[PDB]
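**Q** Numbered according to the entry's author numbering, the sequence shown terminates at residue 132, and the numbering increases by one at each position without gaps. Just so it is clear, CB atoms sit at the ideal spot from N, CA and C, and this is done for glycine as well. Before we start, here is the structure in question, set down as structure tokens.
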Amino acid sequence: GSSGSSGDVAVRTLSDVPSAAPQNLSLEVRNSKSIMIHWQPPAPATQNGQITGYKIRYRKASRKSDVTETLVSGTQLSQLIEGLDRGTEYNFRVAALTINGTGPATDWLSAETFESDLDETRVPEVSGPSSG
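What follows is the structure, encoded as structure tokens:
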């Protein structure tokens, strides 16, 4: 057989402001006018200080210039953004904030609301035991 691959990425920059953002970012669309935001806190090692809050900003796929500012609590890992329209794409982003100032922002995640009020249901799966 055979194979071949390579890769290496890192950074050696220091500063007062934090250079780490929340992971596991998700957008649980609650309604055609509202959207639930679920994000997880960054690693501790990176955390250059205690978090005071997050800055959730979003814009319209048609109007990027138009952005909305939203500040939540520090111990808040979820925010509900209401005031949207049905059948319309919207970009959301979450950023961490600390006493040092502001932090990085999460990629631009686009979410399309529900053309109407339709609730979907899902079913779980089977799980087998084990030993060791």
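Could you pull out every residue in the same chain whose Cβ sits closer than 6 Å to the Cβ of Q40, ignoring the five residues on either side in sequence?
**A** Closer than 6 Å at Cβ, skipping near neighbours: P22, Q23 and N24.
**Q** Between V94 and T113, how many whole angstroms is the CB-CB distance? I'm expecting something under 8 Å.
**A** That belief does not hold up - the Cβ atoms of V94 and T113 are roughly 18 Å apart, past 8 Å.
**Q** When the distance is taken between beta carbons, is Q47 closer than 9 Å to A20?
**A** Yes, these two residues count as a Cβ contact at 9 Å.
**Q** Given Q79, which residues of its chain have a CB within under 7 Å of its CB, disregarding the five upstream and five downstream residues?
**A** The residues are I37, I56, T70 and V72.
**Q** Judging by CA-CA distance, which residue of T102, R59 and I99 is the nearest neighbour of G83?
**A** Comparing Cα positions, the closest option is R59.
**Q** Throw me the rounded Cβ distance for the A61 and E28 pair, which I believe falls under 8 Å.
**A** Contact flag wrong, Cβ pair sits at about 19 Å.
**Q** Measure the alpha-carbon distance for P42 versus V17 and round it to whole angstroms.
**A** Straight-line Cα distance between these residues: approximately 14 Å.
**Q** Which whole-angstrom value is the C-beta distance of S32 and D117, which I expect to be below 8 Å?
**A** Indeed they touch by this definition, with Cβ atoms about 6 Å apart.
**Q** By DSSP, does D66 sit in helix, in strand, or in coil?
**A** In this structure, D66 counts as strand in the three-state DSSP scheme.
**Q** Could you tell me how far apart the beta carbons of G103 and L109 are, in whole angstroms, since I believe they sit closer than 8 Å?
**A** At roughly 17 Å, the Cβ-Cβ gap does not stay under 8 Å, so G103 and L109 are not in contact.
**Q** Are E125 and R86 close, meaning C-beta to C-beta below 9 Å?
**A** Cβ distance not < 9 Å, so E125 and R86 don't count as in contact.
**Q** Taking DSSP's pairing of strands, which residues face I51 in a bridge?
**A** Paired residues: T98.
**Q** Rounded to whole angstroms, what's the CA-CA distance from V67 to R122? Just pull it up for me.
**A** Taking the straight line from one Cα to the other gives about 34 Å.
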